[PDB]
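Residues in the sequence shown are numbered from 11 upward in steps of one, following PDB author numbering.
By construction, the Cβ of each residue, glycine as well, lies at the ideal position given by its N, Cα and C atoms.
Take a look at the structure set out below.
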Amino acid sequence: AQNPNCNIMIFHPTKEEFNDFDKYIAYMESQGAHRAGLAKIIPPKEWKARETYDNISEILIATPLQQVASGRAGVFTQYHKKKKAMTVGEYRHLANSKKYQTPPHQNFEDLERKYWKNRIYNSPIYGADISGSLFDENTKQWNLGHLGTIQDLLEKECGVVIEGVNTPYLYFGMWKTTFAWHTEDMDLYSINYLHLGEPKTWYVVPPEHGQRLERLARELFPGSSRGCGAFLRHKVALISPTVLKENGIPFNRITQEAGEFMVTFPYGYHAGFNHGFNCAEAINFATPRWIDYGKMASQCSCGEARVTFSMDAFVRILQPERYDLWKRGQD
Ligand SMILES: O=C(O)CNC(=O)C(=O)O
Ligand SMILES: [Mg+2]
Ligand code: NI
Ligand SMILES: [Zn+2]
Numbered sequence: 011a012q013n014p015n016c017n018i019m020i021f022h023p024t025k026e027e028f029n030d031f032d033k034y035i036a037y038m039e040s041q042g043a044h045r046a047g048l049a050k051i052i053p054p055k056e057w058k059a060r061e062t063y064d065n066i067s068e069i070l071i072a073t074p075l076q077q078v079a080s081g082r083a084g085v086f087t088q089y090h091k092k093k094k095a096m097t098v099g100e101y102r103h104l105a106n107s108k109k110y111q112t113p114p115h116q117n118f119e120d121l122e123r124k125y126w127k128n129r130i131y132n133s134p135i136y137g138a139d140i141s142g143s144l145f146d147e148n149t150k151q152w153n154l155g156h157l158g159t160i161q162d163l164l165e166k167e168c169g170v171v172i173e174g175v176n177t178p179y180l181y182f183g184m185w186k187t188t189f190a191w192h193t194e195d196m197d198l199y200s201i202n203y204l205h206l207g208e209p210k211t212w213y214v215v216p217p218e219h220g221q222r223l224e225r226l227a228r229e230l231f232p233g234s235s236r237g238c239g240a241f242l243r244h245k246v247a248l249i250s251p252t253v254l255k256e257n258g259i260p261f262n263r264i265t266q267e268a269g270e271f272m273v274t275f276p277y278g279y280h281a282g283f284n285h286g287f288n289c290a291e292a293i294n295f296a297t298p299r300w301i302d303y304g305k306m307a308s309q310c311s312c313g314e315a316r317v318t319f320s321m322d323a324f325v326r327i328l329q330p331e332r333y334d335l336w337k338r339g340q341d
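Right, here's the structure in full:
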């Protein structure tokens, strides 16, 4: 069995190996990358996403979200408070202000200590889930706006044509902006490209151990757990590496820098934070190996998780027994 300790693998494809996306994901899996739940892909030196980032300041962040925490330093939830619209240029200035800027630090490890110690006492502002792309239309390799769609993958594997579309999302982050413990909708893959700015630290639980994380989460968030049998779908719970180690949950950590891709694998629980002002782009995708994970994915039916139009057909076709109850939660 390849990668039996489920370590995060890092790949350095040549320009020739960067041509065929599907083939390269399948190569990574042949080496055991999926066992970690997360992999890093460093693009060939010849490659670029676009010529410059000099003209992005007029992008609108229509609903910036202030991430307010409750709980204790290592075990907390966050809720998103909606703020007034601002441009990327306005947001970058805010990120760099004395109230919100990255503190002085020695190295990534010192910054990670400061995050875990102090996150709860601040409420950073995140520009999340903004439909759009920063890839140049002429970038032919690993362009997240030109991937094969999940609807076409289900059609190719299963023979059923379905409605729905699949487009990327932009994330503008600042110091301490946080992504809570989750897997993707329908336990899909994701791919994330860090276009510019400061790093993003990730934590991940191997897919084979995901239920261990879920059991801990039910213990640590006992009211949430009673309200919904899949409450990590709400994307609001944080658990620190210290707490995970104290409870024996297997995980790994890695920092992504500007110009690097990360791939999350089906049922790979992940969480993390941004080091300072940055812009990432991400999208879900599928392969043939995903289908069995989609069929088994948990669902939130309490009404909190509320998701895209395109998840309907996935539930309808892969999980027909669940469909009725899940749609009640959507309406
Ligand atoms: O970058 C973020 O805030 C969160 N991204 C992801 O969870 C992802 O790409 O799967
Ligand atoms: Mg602009
Ligand atoms: Ni994710
Ligand atoms: Zn729920």
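Would you please state the rounded distance, in angstroms, between the beta carbons of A296 and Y199? I believe it to be under 8 Å. Taking C-beta atoms under 8 Å as the contact rule, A296 and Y199 qualify, at a distance of about 7 Å.
What residue range is occupied by the uninterrupted alpha helix (DSSP H) comprising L328? Taken as a continuous stretch (DSSP letters only), the alpha helix (DSSP H) holding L328 covers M321 to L328.
What whole-angstrom Cβ distance do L248 and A227 have, given they're in contact under 8 Å? The Cβ separation is near 10 Å, so there is no contact.
Cα-Cα separation between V170 and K305, rounded to whole angstroms: Distance between the alpha carbons of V170 and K305 is about 15 Å.
Can you check the segment 189-234 for any alpha helix (DSSP H) of at least 4 residues that lies completely inside it and give the ranges in chain order? List check, alpha helix (DSSP H) in window: 220-230.
C-beta contact flag for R326 and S311 at 9 Å: No, these two residues do not count as a Cβ contact at 9 Å.
Alpha-carbon spacing of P113 relative to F287, whole angstroms: Rounded to the nearest angstrom, the two C-alpha atoms are 12 Å apart.
Buried or exposed: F271, going by 16 or more other Cβ atoms within 10 Å of its Cβ? Looking at its Cβ environment, which holds 16 or more other Cβ atoms inside 10 Å, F271 is buried.
DSSP state of residue 342, grouped into three classes? Residue 342 is absent from the model: the chain starts at 11 and stops at 341.
Between which two residues does the alpha helix (DSSP H) holding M306 run? Per DSSP, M306 is one residue of the alpha helix (DSSP H) stretching across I301 to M306.
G142 and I69 - do their beta-carbons sit closer together than 9 Å? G142 sits close to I69, with the two beta carbons spaced by under 9 Å.
Name the two residues that bound the continuous alpha helix (DSSP H) containing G99. Judged by DSSP secondary structure, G99 falls within the alpha helix (DSSP H) whose first and last residues are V98 to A105.
C-alpha distance - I172 paired with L164, whole-angstrom precision: The straight-line gap from Cα to Cα measures roughly 8 Å.
Classification of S107 by the beta-carbon crowding that lies within 10 angstroms, buried from 16 upward: Exposed.
Return yes when the Cβ of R129 is within less than 9 Å of the Cβ of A79, no when it is not. A distance below 9 Å separates the beta carbons of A79 and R129.
Looking at the structure shown, is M184 part of a helix, part of a strand, or coil, going by DSSP? Under the three-state reduction of DSSP, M184 is assigned to coil, being neither helix nor strand.
Taking C-alpha atoms, which residue in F28, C16, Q116 and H22 lies nearest to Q151? Nearest C-alpha to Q151: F28.
Just to confirm my understanding: we take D195, look at its own chain, exclude 5 residues before and 5 after, and list those with CB closer than 6 Å. What are they? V317 and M321.
Could you say if the segment 92-99 and the segment 53-71 meet the contact criterion of at least three C-beta pairs nearer than 8 Å? Because the criterion of three Cβ pairs below 8 Å is met, the segment 92-99 and the segment 53-71 touch.
Which of helix, strand or coil DSSP assigns to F21: Strand, per DSSP.
May I ask you to list the residues that DSSP assigns as paired with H44? Under DSSP, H44 shares a beta bridge with no residue.
When DSSP labels each residue in this structure, what does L70 get in the three-state scheme? Secondary structure of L70 (DSSP, three-state): strand.
One or two residues paired with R82 in a DSSP bridge: Answer by DSSP bridge pairing, in chain order: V85.
Just checking, does the segment 53-67 make contact with the segment 146-162 on the three C-beta pairs under 8 Å criterion? Of all C-beta pairs linking the segment 53-67 to the segment 146-162, three or more are shorter than 8 Å, placing the two stretches in contact.
I'd like the list of long-range same chain contacts for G339, defined as Cβ closer than 7 Å, with 5 residues on each side in sequence excluded. Hits under 7 Å: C310, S311, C312 and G313.
Does the distance between the C-beta of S141 and the nearest non-hydrogen atom of ligand 2 fall short of 8 Å? No; taking the cut-off as 8 Å, the Cβ of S141 has no heavy atom of ligand 2 nearer than that.
Residue span of the beta strand (DSSP E) that contains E291, given as start and end: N288 to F295 is the extent of the beta strand (DSSP E) around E291.
Candidates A11, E267, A315 and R299, of which the one nearest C168 by Cα: Comparing Cα positions, the closest option is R299.
Under the assumption that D120 contacts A59 (Cβ atoms under 8 Å), give the Cβ distance between them as a whole number of angstroms. In this structure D120 is not in contact with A59, their Cβ atoms being roughly 30 Å apart against a cut-off of 8 Å.
Just to confirm my understanding: we take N257, look at its own chain, exclude 5 residues before and 5 after, and list those with CB closer than 8 Å. What are they? So the list reads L226, once near-sequence residues are dropped.
Taking 8 Å as the line, does the beta carbon of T187 fall inside it for any heavy atom of ligand 1? The answer is yes for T187.
Can you determine whether any heavy atom of ligand 2 sits closer than 8 Å to the C-beta of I71, and answer yes or no? Incorrect: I71 has no Cβ contact closer than 8 Å to ligand 2.
Where residue 342 sits in the DSSP three-state scheme: Since the first and last residues shown for the chain are 11 and 341, residue 342 lies out of range.
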